[PDB]
2 protein chains.
Amino acid sequence: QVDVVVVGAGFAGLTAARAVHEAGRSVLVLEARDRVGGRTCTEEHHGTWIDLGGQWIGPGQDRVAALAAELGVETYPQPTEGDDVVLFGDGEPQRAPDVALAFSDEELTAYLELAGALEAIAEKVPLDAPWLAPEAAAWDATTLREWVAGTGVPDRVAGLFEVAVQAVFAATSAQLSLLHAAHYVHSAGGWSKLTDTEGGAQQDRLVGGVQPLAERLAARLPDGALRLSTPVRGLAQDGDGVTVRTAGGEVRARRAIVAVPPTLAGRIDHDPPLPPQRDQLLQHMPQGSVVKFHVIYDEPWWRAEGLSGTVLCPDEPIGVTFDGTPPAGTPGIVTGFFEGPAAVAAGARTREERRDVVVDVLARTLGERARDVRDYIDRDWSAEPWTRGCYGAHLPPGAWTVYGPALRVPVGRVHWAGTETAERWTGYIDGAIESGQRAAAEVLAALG
Amino acid sequence: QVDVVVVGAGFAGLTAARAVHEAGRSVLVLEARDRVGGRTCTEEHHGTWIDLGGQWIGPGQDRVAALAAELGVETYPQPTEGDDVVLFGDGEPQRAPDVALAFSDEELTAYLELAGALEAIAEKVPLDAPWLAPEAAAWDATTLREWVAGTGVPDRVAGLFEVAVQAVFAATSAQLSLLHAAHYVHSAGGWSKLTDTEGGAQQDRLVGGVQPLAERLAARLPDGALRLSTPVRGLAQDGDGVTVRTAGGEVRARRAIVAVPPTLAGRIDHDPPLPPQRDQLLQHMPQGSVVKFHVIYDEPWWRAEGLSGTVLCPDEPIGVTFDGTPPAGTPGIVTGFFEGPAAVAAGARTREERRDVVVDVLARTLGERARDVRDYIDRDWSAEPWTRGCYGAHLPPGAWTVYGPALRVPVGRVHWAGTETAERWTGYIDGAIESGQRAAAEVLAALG
Ligand SMILES: *Cc1cc2c(cc1C)nc1c(=O)[nH]c(=O)nc-1n2C[C@H](O)[C@H](O)[C@H](O)COP(=O)(O)OP(=O)(O)OC[C@H]1O[C@@H](n2cnc3c(N)ncnc32)[C@H](O)[C@@H]1O
Ligand SMILES: *Cc1cc2c(cc1C)nc1c(=O)[nH]c(=O)nc-1n2C[C@H](O)[C@H](O)[C@H](O)COP(=O)(O)OP(=O)(O)OC[C@H]1O[C@@H](n2cnc3c(N)ncnc32)[C@H](O)[C@@H]1O
Ligand SMILES: NCc1ccccc1
Ligand SMILES: [Mg+2]
Ligand SMILES: [Mg+2]
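Reading guide: rules and limits
- Residues numbered from 1 in each chain as written, not as in the entry; some residues may be left out.
- Chains lettered and ligands numbered in written order.
- Heavy atoms only, no water.
- Pairing = 2+ DSSP bridges.
- Helix = DSSP H or I, 4+ residues; strand = E, 2+ residues; numbered from the N terminus.
- Axes fitted to C-alpha atoms, helices over the stretch in contact; angles between N-to-C directions.
- Buried < 20%, exposed > 50% of the residue type's maximum accessible area, 1.4 Å probe, protein only.
- Arc of directions from axis to C-beta.
- Contact = heavy atoms within 4.5 Å.
- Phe/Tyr/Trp six-rings, centres within 6.5 Å; stacked < 30°, edge-to-face > 60°.
- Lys NZ or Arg CZ within 6 Å of the ring centre and 35° of its normal.
- Parallel < 35°, antiparallel > 145°, perpendicular 65-115°, else oblique.
- Left-handed = near helix turned anticlockwise from the far one by under 90°.
- Nonpolar A, V, L, I, M, F, W, Y, C, P; charged D, E, K, R; others polar.
- Near = heavy atom within 4 Å.
- Polar contact = N/O pair within 3.5 Å; in protein donor to acceptor, adjacent residues only side chain to side chain.
- Areas by Shrake-Rupley, 256 points an atom, 1.4 Å probe, with all protein chains shown as cover.
- Salt bridge = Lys/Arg side-chain N within 4 Å of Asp/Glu carboxyl O.

Listed as the method for this PDB entry is X-ray crystallography; the listed resolution is 2.20 Å.

Next comes the structure, spelled out in structure tokens:
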């Protein structure tokens, strides 16, 4: 017997359980994995931390900054200095201190028009009810790719825009409804907030990585509250409480918080069954496709050449890269992503085949010293059974307006959390925490 | 240990099991419901059969026609005589000998070039590998809605077309990729095949309903081979065979056929985990949304007025209606559907609210005598835990080309069936049967 069972020890699950323990209520956290952090995962390699999942926090992300300060974790800034390389479908790799300077006069004007036109739509989309936007019906009936085609923008602008879209959504402009993209932009506070390093979501990292931050949040839970290696298979409820079925136990609670990715929330045996609109919503919330990698070098060699370690390649399998070198200055790390179709193709291949593809791109852009590789570590989040895709769900056309209203509504004694339910910074560590705080409040109120 | 374990006792599972049984191999069929038939379901009300699920067969559908003949189930024609009624927005209702004769000559002509153009794309799309169509990249990056608009047809014809798209797909023009819609059309052999009564998919019905035919197919198996009320929770495999975990215990086989809808196949605890391309495919194959109803009257009072009982109302919540009166000529029945968005809105309401909306549409079209209703029977197939939407799965933009190639590929000892894996009449009973025949052939070859 306990008051609240939380399913998932992500930042959402942990946030909710901690709020509930502090109001003095009994709480169990059932986590499928042998660890906490979920879509945040940190491993120790070559005497430093390797963030295989979520790794960056930025300005406007007040909850994860508050949590990092409170638990004693310091931040370091994402290296920003030196030349970025851009390589288009044709021509040579271009060096410039800013990605923007690679574009022509007419092209940069078109890219800022496009970015401004998109934020204007974004500001009309309510964060708590994207389906109540005044033009929701037409915006949900259109892909992001069809809207971009409609603006009359040249190919080289649509090219670099699509690299940024796949970097942010882990999906192509063709998979996303315009309304989903608009809502996501609005939830971040604009396009600059999503794409920028300095003054944006990629500004800062955590010293020791992010999974350690989660492990400190877990330490604040009482002894016996956290149950690792304990998948939830079943969730029954009646007029008196909820029974959670695991591999060979039942837990009884008054109320429940499900804090898993949408695709996984639908895989649980609900009794009674979930109402129709909520089951179909989960079927219309597919997770993205990403393979995150780190290429390990003895030194961050590109710094001496005046390079940032950032390359941008619209016509390549690798979208975008960052200097991932820790504050000590060694080892050298180049961090990068396969996004969307490129992630699905590379997930079918071996780690070693994926290493060869990454190093070929870097040799052509950063230079020949990209081949002196000390190690290669990557992670296909589509292959993780307890995530089934990063960064989080996108919604294709027709999904927000028809099924979307069932996103947060509790079903009897069962409440929903996870970053996909957040109003602000949806898809980010920040959004997960907001979601944990909301769900804890609804539950604390209802127990009363 | 048996030769083959089949998951699902729909037409796909029962066809695969009977073909494995005829070839001399041991077979077990595990079904979650207390009945066979899946998306076909027949109940007795008012001294006749009510098809709550699939009810129609037509010319072209040679697998269902041969099964009905072999197990001795008779057909009767869908009634067609009498004036159809068409109603447009605030306007008054119009009688004509046929639906198509309430449209100007230039309108009827725009409609048939549109159908014609769709068929032209359809015939370029290979039935077994739509991802290999010559403009596959371009047709998978586009909605059917964007193709209808950029065709440039007029407004009152795109609205007639939307009714038909929703009758066929149980999903709007905006939710479907052009490649998915084209494949479907090829699969059925053209647009008249999908839409027409005489000469198409709604030509014939089965005396006594469709579930009894599924029962006669099930009776070809030995005692103990079919297990009802036995949902499959787990499917594990190794180098020597497969293990099925159910509430009751375990079943071991050499090979498995999974013949459930794509959404439910993904909810099985697979061990090892499914490969990422196949898990993410299932996340991108959501079921349609449909509520199917039969309005019961003492007599088919509309025939006495020279009406067919078919209404087309492009602006109303219900799609097309049919005369569902059986051959004895009583009771009077009007059959129809809420499709896509209107099915989700109606699913959220009560049986009495849905009845009121249907009777209101029929009152203003067939006449005011429709309000004196003896009974109203419907089923929201979205609310069925063991289906989760009819008529079947659709694919949104970007899914066929990126995730689609894993649709039929066996994962070690686990083979795939269900109407969604059919090449011909995908989405129909006929396609369910083809998938079972192909799945049984594949597994018998892989045993040796
Ligand atoms: C994967 C990823 C994510 C990501 C990103 C890069 C990658 C490769 N980069 C980010 C970044 O730089 N900055 C940032 O803020 N976010 C970034 N993201 C997104 C971020 O990781 C997520 O938004 C966030 O971590 C989501 O947290 P939430 O708590 O909402 O979800 P979760 O971590 O997925 O936790 C769910 C837990 O539930 C367990 N699980 C799943 N099913 C069950 C069942 N049935 N029973 C028990 N437990 C279950 C999972 O194991 C997980 O622990
Ligand atoms: C729903 C519907 C379908 C339909 C239609 C109208 C409606 C409202 N009208 C049709 C028509 O007039 N003519 C026609 O040919 N088709 C029509 N459709 C579609 C047609 O019914 C379906 O395409 C066809 O029945 C599909 O058959 P299939 O064998 O592929 O699929 P199924 O019936 O869904 O069978 C699946 C079975 O598996 C069981 N299940 C699900 N999960 C599990 C687990 N985990 N373990 C064990 N069993 C499981 C289901 O219970 C079901 O029996
Ligand atoms: N967390 C969103 C993201 C990931 C990689 C690159 C840019 C942005
Ligand atoms: Mg810089
Ligand atoms: Mg007629």
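Colleague: I'd like a rundown of the sheet that holds strand β8 (residues 94–96) of chain B, residues and numbers included.
Modeller: Residues and elements named next belong to chain B. Pairing within the open sheet is mixed, and its 3 strands lie in the order β8-β7-β16. Because the sheet does not close on itself, it has two edges, and the strands there are β8 and β16 (307–312). Neighbour-to-neighbour, the strand axes of the sheet open up by a mean angle of 30°, direction not taken into account. Alignment of strand β7 (residues 83–86) against β8, held across 3 bridges, turns out to be antiparallel. Across the sheet, residue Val85 finds its bridge partner in β8, namely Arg95.

Colleague: Go over helix α9 (residues 211–218) of chain B, please, and point to the residues and values.
Modeller: An α-helical turn contains 3.6 residues, so a residue and the one three or four places further along point in the same direction. All names here are of chain B. Considered for burial, the residues of α9 that qualify are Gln211, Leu213, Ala214, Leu217 and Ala218. Buried positions in α9, seen along its axis, are confined to an arc of 160° and lie on one side of it. Contacts from the buried residues of α9 go to α1 (11–22), β3 (42–45), β4 (48–51), α2 (62–70), β9 (204–206) and β10 (226–227).

Colleague: Give a description of the sheet that holds strand β18 (residues 332–339) of chain B that names residues and reports values.
Modeller: Residues and elements named next belong to chain B. If you trace the 4 strands from one edge of the open sheet to the other, you get β17-β18-β15-β19, paired in antiparallel fashion. Across the chains shown, the open sheet's two edge strands, defined by having one partner strand only, are β17 (322–323) and β19 (375–380). Across 6 bridges, the pairing between strand β15 (residues 290–297) and β19 is antiparallel. Residue pairing for β19: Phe293 is matched across the bridge by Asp378. Most of the contacts of helix α12 (residues 340–347) go to β18, to which it runs at about 105°, and overall it touches β15, β18 and β19.

Colleague: Break down the packing of aromatic side chains for me, with residues and values.
Modeller: This model, assessed by the stated rule, comprises 30 aromatic pairs over all chains. Between A:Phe169 and A:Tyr184 the ring centres are 4.9 Å apart and the planes differ by 50°, which places this aromatic pair in the tilted class. Pair noted here: A:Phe169 is in helix α6 (residues 155–169) and A:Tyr184 is in helix α7 (residues 178–188), with a separation of 15 residues, a long-range link. Both residues of the pair, A:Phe169 and A:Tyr184, belong to the buried class. Taking 6.0 Å as the distance between ring centres and 80° as the angle between the ring planes, the aromatic pair formed by B:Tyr297 and B:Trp302 counts as edge-to-face. Since its relative accessible area comes to 2%, B:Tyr297 is described here as buried. Using a relative accessible area of 0% as the deciding quantity, one classes B:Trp302 as buried. Through a chain of ring-to-ring contacts, three or more aromatic side chains come together here, namely A:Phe169, A:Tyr184, A:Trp425 and A:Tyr428. The ring of B:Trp416 carries B:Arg278 above its face, with NZ or CZ at 3.5 Å from the centroid.

Colleague: Kindly report on the packing of α1(B) against α9(B), identifying the contributing residues and their values.
Modeller: All names here are of chain B. In the contact formed by α1 and α9, the axes pass within 10 Å of each other and the chain directions differ by 25°. Classified by the angle between their axes, α1 and α9 sit roughly parallel to one another. Both α1 and α9 take part in a crossing whose hand is left-handed. Residue-level inspection shows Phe11, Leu14, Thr15 and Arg18 of α1 in contact with α9, the latter providing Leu213, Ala214, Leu217 and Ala218. Looking at the contact of α1 with α9, its residues break down into 6 nonpolar, 1 polar and 1 charged.

Colleague: An account of the site of ligand 1 is needed here, citing residue identities and associated values.
Modeller: Residue and element names in this part refer to chain A. Close to ligand 1 lie 36 residues; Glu31, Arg33, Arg39, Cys390 and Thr419 are nearest. Taking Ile429, its main chain carries an N or O atom lying 2.9 Å from an oxygen atom of ligand 1. Its free accessible area being 1000 Å², ligand 1 has 97% of it covered by the protein chains. Among the elements of the structure, α1 (11–22) and α15 (429–447) are those that each provide at least two residues to the shell around ligand 1.

Colleague: Just give me the short version of the pattern of salt bridges, but keep the residues and values in it.
Modeller: All names here are of chain B. The full count for this structure, using the stated rule, is 54 salt bridges over all chains. For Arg355, the salt bridge identified is with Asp356, shortest N-O distance 2.8 Å. The class of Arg355 is partly exposed, set by a relative accessible area of 25%. Two residues, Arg438 and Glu442, come together in a salt bridge whose shortest N-O distance is 3.2 Å. Of this pair, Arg438 and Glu442 both sit in helix α14 (residues 429–447), separated by 4 residues, roughly a single helical turn. Look at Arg438 and you get buried, because its relative accessible area is 15%. Overall, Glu442 belongs to the partly exposed group, its relative accessible area being 27%. Linked by salt bridges that have partners in common, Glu316, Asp360, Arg364, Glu368 and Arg371 make up one network.

Colleague: So what about the pairing of β16(B)? Which residues, and what values?
Modeller: All names here are of chain B. For β16, a buried count of 6 out of 6 residues is recorded, marking the element as mostly surrounded by other parts of the structure. Both β7 and β16 contribute to a ladder of 3 bridges, which runs parallel. Directly across from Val86, in β16, lies its bridge partner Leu312.

Colleague: Let's hear about the site of ligand 3: which residues, and what values?
Modeller: Residues and elements named next belong to chain A. Looking at ligand 3, the residues that line it are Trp56, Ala167, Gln202, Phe337, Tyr391 and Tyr428. Its free accessible area being 260 Å², ligand 3 has 85% of it covered by the protein chains. Grouping the constituent residues of the shell around ligand 3 by class yields 5 nonpolar, 1 polar and no charged.

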